[PDB]
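The lines below spell out each chain.
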Amino acid sequence: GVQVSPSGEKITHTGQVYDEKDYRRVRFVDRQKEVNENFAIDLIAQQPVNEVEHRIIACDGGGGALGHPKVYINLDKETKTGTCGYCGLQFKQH
Amino acid sequence: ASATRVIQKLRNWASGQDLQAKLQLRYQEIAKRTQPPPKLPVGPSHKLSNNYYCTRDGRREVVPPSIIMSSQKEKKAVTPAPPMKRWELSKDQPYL
Amino acid sequence: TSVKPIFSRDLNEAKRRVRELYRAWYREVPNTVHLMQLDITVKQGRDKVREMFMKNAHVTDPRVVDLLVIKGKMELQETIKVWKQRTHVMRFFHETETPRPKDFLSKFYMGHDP
Amino acid sequence: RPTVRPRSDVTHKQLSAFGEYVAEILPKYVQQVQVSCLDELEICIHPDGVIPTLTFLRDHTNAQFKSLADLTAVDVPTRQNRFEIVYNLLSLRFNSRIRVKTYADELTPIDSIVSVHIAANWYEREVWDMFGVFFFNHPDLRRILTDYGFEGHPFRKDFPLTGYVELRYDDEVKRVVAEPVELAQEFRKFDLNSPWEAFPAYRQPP
Amino acid sequence: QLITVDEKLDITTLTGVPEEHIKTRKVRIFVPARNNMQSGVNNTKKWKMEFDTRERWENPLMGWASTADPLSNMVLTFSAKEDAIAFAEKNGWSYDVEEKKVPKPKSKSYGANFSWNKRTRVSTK
Amino acid sequence: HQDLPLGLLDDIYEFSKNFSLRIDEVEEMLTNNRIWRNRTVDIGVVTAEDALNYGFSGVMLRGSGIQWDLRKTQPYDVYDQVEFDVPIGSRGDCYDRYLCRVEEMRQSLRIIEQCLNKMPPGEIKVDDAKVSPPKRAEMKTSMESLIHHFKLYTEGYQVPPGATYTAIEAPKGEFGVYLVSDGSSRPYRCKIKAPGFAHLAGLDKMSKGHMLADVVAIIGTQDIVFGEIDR
Amino acid sequence: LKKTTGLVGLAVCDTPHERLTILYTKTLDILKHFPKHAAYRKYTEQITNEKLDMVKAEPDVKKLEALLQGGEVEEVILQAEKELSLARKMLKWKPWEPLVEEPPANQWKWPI
Amino acid sequence: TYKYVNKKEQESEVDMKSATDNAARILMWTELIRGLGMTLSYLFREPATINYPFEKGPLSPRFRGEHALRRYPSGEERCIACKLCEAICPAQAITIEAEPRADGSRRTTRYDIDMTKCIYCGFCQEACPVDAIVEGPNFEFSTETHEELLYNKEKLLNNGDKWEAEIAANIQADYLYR
Ligand SMILES: CCCCCCCCCCCCCCCCCC(=O)OC[C@H](COP(=O)(O)OCCN)OC(=O)CCCCCCCCCCCCCCCCC
Ligand code: SF4
Ligand code: SF4
Ligand SMILES: [Zn+2]
């Protein structure tokens, strides 16, 4: 979530802030700093872990198309979860 | 289509044609927005056998120019092609 | 080695073509500052012509000289016929830019200009 | 096949025969006749055969190559004669097309053909303006596409894409001044060519 | 109708390029090294001429990469070092030249991985 | 790129129905108007041989009695499977060229009726995924299709070296492309042949023995667009 | 017997076959100067011979053109004049000679 | 097949009838009153005009307008920083800069588009293998400064959040054609 810096500037989803001593803060004077308040890194964490009875699981994101390329993930390592490099979802072996 | 017979006749007489059949404003005769979903075909190379690229590459079937009369390596008189055949007046409407 | 020439056999004929071109320019110059209301003086214009001529003095090839004559004639045409403008003619003096100082130090201090 | 292009040999035959025809009529001013896979006939010649060959092709009864479809130049800076010159010609009596090529460089001009085809009056000016190639016996030869004070031949291979100068209005002098080029986003040079050979038929020997 | 002019060739005054970019420069003629990522050699076959790199700074507005050298993306391709150097001289650029680093011929013997006496014996097949 | 949506041919048919009456609406006002005929007749006359030697193409050729259309001759598409007439002139003037363009607008409807009625089914791009990308489902399910998509949209298809001059019977005449290729993803030279070029070149001769108000019509009779010219 | 050539700037020739004979004969009369080993002579001579055969064998133009395979006889005549001038210019040029100057070996090489 | 325009099939007749007809055409100004009649007929028709801000012109689910960076239902972004858009964009308008995110994912730190360089060709959404960048429907986004058209990841993500209720529907409509 956007949390403000000493100077009074909102931080972005990639930690960008004009140093308090920076002259580039002028462009915001009498204006605003466009920032997105929905952080994917948190919205995906809010999602739960899927469970499957198979040690290998295919992910596409939803619709066959409208999703992403079908990728296959392994679930032999009960220590952690199996994450998709496209959608961020994570699965377990039960 | 929202006009009286008097105006329709006036415009048709002033123009010489009949406009209420060949108007240029569209009134429900047009296709329907929100059409159903399609299911497109697939090409002929969507086989599962006898579909090797060696047979149907194309851009490797090209060959360098066939050179003739390189300066380092009673015939008749011919033309680059047989002379062009002249055309025929139309049958539907040959004038105007 | 041996070559095929262009509009000349030797640098003497080339130089006399050049001198004819200089006659033409030198003579026409003031008509430009008159037609198009340039601020500069005819002395400045003529000094500029001399500078742009001596810029290509080391040249030796009759062909490289004939081509420069051709291009200068093209420019003189564009100028006597009012196709160029105040802008195109004042694009010779560079009134709106400082030059790269010809000093190792003046370069070093600001940038990597070698 | 449905994905490959058809291939007719009658045209290859006709054009090879006409190549032999043209070359044995003009053994001088001729070299490197070639007809390609896609059935197009190129004739390379010496810069001294331009008007002879164009006139022959236009007037000769078997040829009647009247229309000058195009005139072009091409820059290959790895050969001593770097400016290829190309005339694309059309004949309606036979429904045929031909290509006549010659070569040039800097300081080595070509002969003009406005006497033969008057369309060239502007194509040759364009070549001079873009590639820097002079033509002999051209009535007017001057900048046609470029600005009036432009110094350079920009369609070469060594002239940079963005150029050397740049224009803007300055209130002090109240004009559109020129200046060096300072971009706010340098054009990016994508290196795409692949390491793996794609066409063996053109594989050069080492 | 032929003349003899044996002096060195120069077209610098016709190229239209300026002094700053015709004398303050340094050109490099070479064969691009093979990308050790790939094993293809269809890129080490044509010589290439490039220039010295110059300042490439950051735009304050957006952070883009800004320049003033218009010959930073200028790369030329040749089939022969002699032609490359002739072109360089012609235009008037001070050039450095590199040689074609060709790999050596190598003796390979699949049988050497199973010897009875040597060290080339391999421990995993 | 894509196929036609499911409600397009019907609309095109409804349009072709009435474009004829629209052309007639315009012809009533213009073609027989004495003022139009005075502004156009005997203006910008040009003979066939001079046209040829000047490099003209299209209506500027076939308004002087010449018979040259690069769809009836040197056809490139299925045009060989469809019928249409080529209107030729008799005097080489703006009026003849006007009438030629009108009758061309009519032959276009004659061709569109046939194209609609004879539209075949099947694919729309060559099923050679080394040239034309694959569909997105195949891209997202198959390895080879995805590799081909990647390579096509980063380092596109490679073209064997050569040279061509492909001419199209564009509305303004012969549109040509001298395209030179090295065995690379990018071309080495592309020269565009536009008719407006030669037409402007010939404007001076076509404006001989004429006033200041006839030149503005001589120009209009060439359809001078400066994108194809200045490039 | 014809109001129009169908074209512009081409006046009808009310006296055909005559200018044809004249121009073909005056072409031959200059091809004679050309040596025998000249392909231009070798070919255009028989061209004109066949065309003279056609003109002297058929007086009617409606059947003479369909056999000449050209367009209209006025255009055939224009081409005959062009051929005469081409011969007069050939005789001053020297195409029947050998080559002038061979090019470098890497000139017409594509790709490079 | 060819036709003739401005050529008569044969000579006409100089009969008094036809001569008087042509003289009437000349004196009485006949061929012009028909043009007057065409203009009157058009005066007595319905114009094709529309109140713009209240009545809008019709478009299609394929319209290429303003850009948007999309998300997944989860809310996670879609761009995986593969740069195909930057590599195909003819005008070199897309600048991208990526990094590994603290959660170990391929995601961007910088994604900028220049609307004064985009030619609005769609190649970027043709190339995106995940349907993350889309040339949306909007066309009413004019400005007063040249600096409000230099977009960035934040502006594009805001546009996505804004227009997803429409982009998704249009994509559902058209995705079977591509
Ligand atoms: C008792 C018996 C004997 C009595 C003696 C009298 C007998 C009757 C005599 C007949 C009189 C004829 C009418 C008089 C006017 C005729 C003028 C005229 O004819 O103009 C000719 C001119 C075109 O001439 P030209 O270029 O040579 O034609 C083309 C050749 N192919 O045409 C033109 O250029 C005209 C240009 C017109 C452009 C504007 C047209 C606007 C028309 C708007 C409608 C006007 C209706 C009248 C309005 C009345 C006003 C209240
Ligand atoms: S639509 Fe615009 S941003 Fe996308 S690829 Fe085309 S030019 Fe580039
Ligand atoms: S193509 Fe799509 S996923 Fe790849 S960098 Fe561009 S926007 Fe991101
Ligand atoms: Zn996934």
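Listed as the method for this PDB entry is cryo-EM; the listed resolution is 3.17 Å.

A. Spatial organisation of the overall build of chain B. For chain B, the helix and strand inventory stands at one helix and one strand. Relative to a compact globule of 96 residues, whose C-alpha radius of gyration would be 12 Å, chain B shows 31 Å and is clearly more extended. The C-alpha extent of chain B, read off along each of the three principal axes, is 85 × 50 × 25 Å. In chain B, which comprises 96 residues, the proportion classed as buried is 22%. Accessible surface for chain B amounts to roughly 7700 Å². Of this, 56% is attributable to carbon and sulfur atoms. Positive and negative side-chain charges in chain B, numbering 18 and 7 respectively, have mean positions lying 7 Å apart.

B. How the structure looks around the site of ligand 1. Taken together, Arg34(F), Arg25(H), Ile26(H), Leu27(H) and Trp29(H) are the residues near ligand 1. With respect to ligand 1, its neighbouring residues span chains F and H. At a separation of 3.1 Å, a nitrogen atom of ligand 1 approaches a polar side-chain atom of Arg25(H). Coverage of ligand 1 by the protein amounts to 27% of the 1300 Å² it exposes when considered alone. Broken down by element, the residue count for the shell around ligand 1 peaks at three residues, all from helix α1 (residues 16-27) of chain H. For the shell around ligand 1, a count of residues per class yields three nonpolar, no polar and two charged.

C. View of the coordination of the zinc ion (ligand 4). Residues and elements named next belong to chain A. The zinc ion (ligand 4) binds to the protein through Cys59 (SG), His68 (NE2), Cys84 (SG) and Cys87 (SG), with metal-donor distances spanning 2.1 to 2.3 Å. Bound by four donor atoms, the zinc ion (ligand 4) shows angles of 97 to 130° at the metal and therefore tetrahedral coordination geometry. Sequence spacing among the residues donating to the zinc ion (ligand 4) works out to C-x8-H-x15-C-x2-C. As far as burial versus exposure is concerned, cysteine 84 and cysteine 87 are alike and both buried.

D. Representation of the sheet that holds strand β1 (residues 31-35) of chain D in the model. The strand order across the open sheet built from six strands is β1(B)-β1(D)-β2(D)-β5(D)-β4(D)-β3(D), with neighbouring strands paired in mixed fashion. The open sheet terminates on both sides in strands that have one partner only, identified here as β1 (66-68) of chain B together with β3 (67-75) of chain D. Taking the axes of each pair of neighbouring strands and ignoring which way they run, one obtains an average angle of 20° across the sheet. As paired strands, β1(B) and β1(D) are joined by three bridges and run antiparallel to one another. Of the residues in β1(D), the one forming a bridge with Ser66(B) is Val35(D). On top of the sheet, helix α1 (residues 9-25) of chain D reaches β1 of chain B together with β1, β2 (41-44) and β5 (96-104) of chain D; it is set at about 165° to β1(D), its chief contact. Across the sheet, helix α3 (residues 120-131) of chain D lies against β3 and β4 (83-91) of chain D, angled at about 10° from β3(D), the strand it touches most.

E. Structural context of the site of ligand 2. In the vicinity of ligand 2, the contacting residues are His67(H), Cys89(H), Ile94(H), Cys118(H), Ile119(H), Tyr120(H), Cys121(H), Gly122(H), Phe123(H), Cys124(H) and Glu135(H). Of the residues in the shell around ligand 2, the class split is eight nonpolar, two polar and one charged.

F. Spatial organisation of the interface of chain C and chain D. Tallying the contact residues gives 22 residues for chain C and 23 residues for chain D. The junction of chain C with chain D conceals about 2200 Å² of combined surface from both sides, 59% of it contributed by carbon and sulfur atoms. There are five salt bridges connecting chain C and chain D. The interface formed by chain C and chain D contains four residue pairs in polar contact. Broken down by secondary-structure element, the contributors of at least two residues to the side of chain C that touches chain D are α3 (62-80) and α4 (86-90) of chain C.

G. Local environment of the pattern of salt bridges. If you walk through the whole model with that rule in mind, you get 83 salt bridges over all chains. Across the salt bridge formed by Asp52(E) and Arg25(E), the nearest N and O atoms sit 3.6 Å from each other. Taken as a pair, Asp52(E) in the loop between β3 (47-51) and β4 (57-58) and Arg25(E) in the loop between α2 (20-23) and β2 (27-30) lie far apart in primary sequence, 27 residues in all. Residue classification places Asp52(E) among the partly exposed residues on the basis of a relative accessible area of 23%. In this structure, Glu99(E) and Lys81(E) form a salt bridge, with 2.7 Å as the shortest nitrogen-oxygen distance. Here the residue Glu99(E) occupies a position in the segment after β7 (95-97), and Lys81(E) occupies one in helix α3 (residues 81-91), the gap between them amounting to 18 residues. Here the salt bridges do not stand alone but share partners, grouping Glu40(D), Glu42(D), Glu84(D), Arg99(D) and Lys101(D) into one network.

H. Summary view of helix α2 (residues 42-54) of chain C. Helix length check: α2(C) (13 residues) gives 18 Å between terminal C-alpha atoms against 18 Å at 1.5 Å per residue, within 8%. For α2(C), the elements touching its buried residues are α1 (11-35) of chain C.

I. Molecular detail of the pairing of strand β8 (residues 165-170) of chain D. Residues and elements named next belong to chain D. Looking at chain direction, β8 and strand β9 (residues 175-180) are connected through six bridges and run antiparallel. From the neighbouring strand, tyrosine 169 faces β9, where its bridge partner is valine 176. With antiparallel pairing between neighbouring strands as the criterion, β8 and β9 make up a hairpin whose turn holds four residues, including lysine 174 at a positive phi of roughly 60°.

The rules behind these values
- Residues numbered from 1 in each chain as written, not as in the entry; some residues may be left out.
- Chains lettered and ligands numbered in written order.
- Part of a larger assembly, values for the part shown.
- Heavy atoms only, no water.
- Residues with missing side-chain atoms left out of burial classes, pairs and counts.
- Helix = DSSP H or I, 4+ residues; strand = E, 2+ residues; numbered from the N terminus.
- Rg over C-alpha atoms; globule rule 2.2 N^0.38 Å.
- Buried < 20%, exposed > 50% of the residue type's maximum accessible area, 1.4 Å probe, protein only.
- Areas by Shrake-Rupley, 256 points an atom, 1.4 Å probe, with all protein chains shown as cover.
- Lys, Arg positive; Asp, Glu negative; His and termini not counted.
- Charge placed at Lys NZ, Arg CZ, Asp CG, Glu CD.
- Near = heavy atom within 4 Å.
- Polar contact = N/O pair within 3.5 Å; in protein donor to acceptor, adjacent residues only side chain to side chain.
- Nonpolar A, V, L, I, M, F, W, Y, C, P; charged D, E, K, R; others polar.
- Donors = N, O, S within 2.8 Å, 3.2 Å for Na, K, Ca; no water.
- Tetrahedral: all angles 85-135°; square planar, octahedral: opposite > 155°, others 65-115°.
- Pairing = 2+ DSSP bridges.
- Axes fitted to C-alpha atoms, helices over the stretch in contact; angles between N-to-C directions.
- Contact = heavy atoms within 4.5 Å.
- Buried area = accessible area lost by both parts, 1.4 Å probe.
- Salt bridge = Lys/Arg side-chain N within 4 Å of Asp/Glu carboxyl O.
- Expected span 1.5 Å × (residues − 1).

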